[PDB]
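Presented below is the structure to which this report refers.
Protein chains: 2
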Amino acid sequence: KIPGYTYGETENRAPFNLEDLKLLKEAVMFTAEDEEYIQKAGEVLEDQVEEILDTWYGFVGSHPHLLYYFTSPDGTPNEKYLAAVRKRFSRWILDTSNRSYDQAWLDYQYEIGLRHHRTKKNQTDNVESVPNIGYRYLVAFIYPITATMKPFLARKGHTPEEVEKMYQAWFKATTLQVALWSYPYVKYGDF
Amino acid sequence: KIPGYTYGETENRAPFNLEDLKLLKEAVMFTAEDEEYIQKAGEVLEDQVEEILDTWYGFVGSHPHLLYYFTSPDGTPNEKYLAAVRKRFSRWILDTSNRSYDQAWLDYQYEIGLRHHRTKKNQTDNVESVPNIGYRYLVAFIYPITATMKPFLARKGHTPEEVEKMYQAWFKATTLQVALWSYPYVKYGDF
Ligand code: HEM
Ligand code: HEM
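These protein sequence lines are chains A and A', in that order. A prime marks a further copy of an entry chain.
Sequential numbering of the first sequence, starting at 5, is according to the deposited numbering.
Sequential numbering of the second sequence, starting at 5, is according to the deposited numbering.
The following block contains the structure:
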């Protein structure tokens, strides 16, 4: 159904476990309250996903040095690559809100890190593109990912107090994930 | 005056330049509007720094796996290390708000990265402590650094609209810096 999407079936145990996740949740101040509100964020965002994708890919597409990461060697955007990734990105919005953050979730977080990194970039879709996404931009993107989501959370007729709690949960969850995705980028033993 | 604080006098040119910084600012959505409001954040936070430090170090100190990074080999917090770092952290609050983000600023961002990493950790204060701060926690800390600051920004009798703009500027600036600090942690050529 979603080409290349292998959540829960990588058959590869990540190099981090639930104890690692507990300590990382503590560092990012994520608790059971955020679990509640991230789920509620999923209810709000579910039927706005197409517009979210348009916004997100609009941001990427308007910056040549960002759109770069989806380009063919000739410098033009690879439209097959963009379309296939867009489907998996859309699903990630739902996963972030709806999935339990358990070992299967960690195993896919390792996978997503590997796919941004040179280790696995451009293999899932069998495309020819740039070899690596510089780690600096994964961290930077914590901000726009959070900023893209804010207006959409405010839209579904929920209380502003609930909106703030959903937004903070989303900020924490995005930060948590990017922290895990540093694994293949970071010198062994420094993560 | 501040022991170990060597901003603007490292005499070492960072491996990133103003073009790198321009592209990273674009990725984190930082503009001249944020320059304005981060400066205004500095006016607000200046006379609350002691309370900010208490909050921040309170968070670190209440989590044994975080306080770990300041511990002597015997597992007890090194109080000399805590005190010396606290002075440089306090100054960093002001620097973030007040400094122009120019080459000198980049050169100190490289330095701060090096000091969290095993490359330079525990050398500035000539202490014996744990060798490295795992990069996962630098990313994670983007959230509490931003969450610690929010209440203080809301305190100095400014409009809530200005408060929101100061807070967003602070979020962007913190993310920007952590992205740069990945440099010594990231495999060469993957940053
Ligand atoms: C907060 C930061 C980021 C988030 C949340 C994010 C999210 C995602 C997701 C969910 C996927 C699909 C994962 C899967 O295969 O199931 C993906 C892949 C991809 N992302 Fe990101 N991403 C981030 C940073 C970046 C940056 C900075 C770029 C640069 C434009 C980028 C470009 C791409 C590309 C090119 C792929 C395809 C990688 C491949 O060949 O498999 N991502 N991203
Ligand atoms: C957003 C993330 C972080 C920020 C903004 C931050 C800020 C700072 C600053 C401003 C300094 C002093 C720099 C200087 O020497 O002038 C410092 C040093 C230090 N920080 Fe962080 N820090 C972050 C992440 C962390 C984490 C996750 C830990 C773990 C507890 C930590 C523990 C320390 C320690 C132990 C030092 C002393 C390093 C040395 O030996 O030189 N920091 N930090």
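C-beta: ideal position from N, C-alpha, C; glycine also.
Taking the CB atoms as reference points, tell me whether residue i and residue j lie closer together than 8 Å.
i, j, result
"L142 of chain A", "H120 of chain A", "yes"
"residue 3 of chain A'", "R140 of chain A", "Chain A' is shown from 5 up to 195; residue 3 of chain A' falls before or after that span and cannot be answered."
"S104 of chain A", "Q43 of chain A", "no"
"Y189 of chain A", "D194 of chain A'", "yes"
"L184 of chain A'", "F63 of chain A'", "no"
"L57 of chain A", "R90 of chain A", "yes"
"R17 of chain A", "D106 of chain A", "no"
"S133 of chain A'", "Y85 of chain A'", "yes"
"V32 of chain A", "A31 of chain A'", "no"
"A158 of chain A'", "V167 of chain A'", "yes"
"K169 of chain A'", "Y41 of chain A'", "yes"
"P135 of chain A'", "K124 of chain A'", "no"
"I146 of chain A", "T179 of chain A'", "yes"
"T152 of chain A'", "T59 of chain A'", "yes"
Would you say residue i touches ligand 1, meaning its beta carbon is less than 7 Å from a heavy atom?
i, result
"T178 of chain A", "yes"
"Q181 of chain A", "yes"
"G8 of chain A", "yes"
"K26 of chain A'", "no"
"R140 of chain A'", "no"
"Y61 of chain A", "no"
"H120 of chain A", "yes"
"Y114 of chain A", "no"
"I56 of chain A", "no"
"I137 of chain A'", "no"
"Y73 of chain A", "yes"
"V32 of chain A'", "no"
"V64 of chain A", "yes"
"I149 of chain A'", "no"
How would you call residue i, buried or exposed, if buried means at least 16 neighbouring beta carbons within 10 angstroms?
i, result
"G138 of chain A'", "buried"
"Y171 of chain A'", "buried"
"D38 of chain A", "buried"
"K176 of chain A'", "buried"
"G79 of chain A'", "exposed"
"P148 of chain A'", "buried"
"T163 of chain A", "exposed"
"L25 of chain A", "buried"
"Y192 of chain A", "exposed"
Taking 7 Å as the cut-off, does the CB of residue i come closer than this to any heavy atom belonging to ligand 2?
i, result
"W96 of chain A'", "yes"
"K44 of chain A", "no"
"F145 of chain A'", "yes"
"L184 of chain A'", "no"
"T128 of chain A'", "yes"
"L70 of chain A'", "yes"
"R103 of chain A'", "no"
"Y171 of chain A'", "no"
"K125 of chain A'", "yes"
"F195 of chain A", "no"
"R92 of chain A'", "yes"
"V89 of chain A'", "yes"
Considering only residues of the same chain and omitting the five flanking positions on each side of residue i, which have a CB-CB separation below 7 Å?
i, result
"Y9 of chain A", "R92 and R95"
"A88 of chain A", "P7, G8 and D129"
"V53 of chain A", "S94 and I97"
"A45 of chain A", "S101, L157, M170, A173 and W174"
"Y73 of chain A'", "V134 and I137"
"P77 of chain A", "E132"
"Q127 of chain A", "none"
"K160 of chain A", "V48"
For residue i, collect the residues of the same chain with a Cβ closer than 6 Å to its Cβ; drop the 5 residues on either side in sequence, then sort them by chain order.
i, result
"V131 of chain A", "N82 and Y85"
"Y114 of chain A'", "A18"
"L118 of chain A", "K124 and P188"
"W109 of chain A'", "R103"
"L22 of chain A", "none"
Can residue i be considered in contact with ligand 3, in the sense that its beta carbon sits closer than 7 Å to one or more heavy atoms?
i, result
"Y147 of chain A'", "Although ligand 3 was asked about, the structure shown includes only ligand 1 and ligand 2 as ligands."
Less than 8 Å between C-beta atoms, sequence neighbours within five positions excluded: which residues of the same chain meet that for residue i?
i, result
"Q181 of chain A", "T100, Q113 and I116"
"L71 of chain A", "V64, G65 and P81"
"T75 of chain A'", "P81, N82, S133 and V134"
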